[PDB]
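Only one chain is shown below, in structure tokens, and it's the form deposited in one PDB entry.
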């Protein structure tokens, strides 16, 4: 049981790469742009499916977005707004330059914006929708990304995740293999003490089922 948790954590770690790529100034500039997105959404300037509002977490879908169990679908072409130029210029370019992902890979950029006490429940990034690797960049504050999220449903039987990964402002997280496909991830509400935002950069699959 203890050996099993250590083996799983080793497997999770084999599919995680992390690096501090964005300076405090670079973060400040990107954070200003994220604020612009929030403002534009509030002004009703985005397409219908670009904005997903939920109690303590908003999602903003660019390039491609998605919606019983395990049957998410891509919205028809042109339903979501295009990836903003600043995302290419300030975020994707930096990633390509540092050999994190190849040029042309990213066709989907999602911004998650969290209130204090916000969270995201146990999930796997839909395997029928997105290629791997999955890249994420964190912005306003530091937090943690948990892996193996049974604890969110069975706190008596299991109190802790398999692994908790610190995700600092300006850090890039790359998920692949076991970490992206074989285990769930989540964020605990106690780990978001102040506003936090994340830009998730992915490539959708050719055969991603569409509406």
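C-alpha atoms forming the largest set that superposes within 1.5 Å between two forms make up the rigid core. Residue numbers count along the first chain shown, from 1. Residues that one form lacks are left out of the comparison.
Beyond what is shown, the protein has a form deposited in another entry; the following relates to that form.
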Superposing on the core, which single option in 40, 169, 49, 150 has a CA shift of 2 Å or more between the shown form and the other one?
150
Closer or farther: how do the Cα atoms of residue 176 and residue 153 compare in the other entry versus the shown form, where the change is at least 3 Å?
farther
Pin down for me whether the residue 122-residue 159 Cα distance shrinks or grows in the other entry relative to this form (closer or farther, change of 3 Å or more).
closer
Shifted regions of at least three residues between the shown form and the other one, judged by C-alpha displacement of 2 Å or more after core alignment:
68-70, 150-159
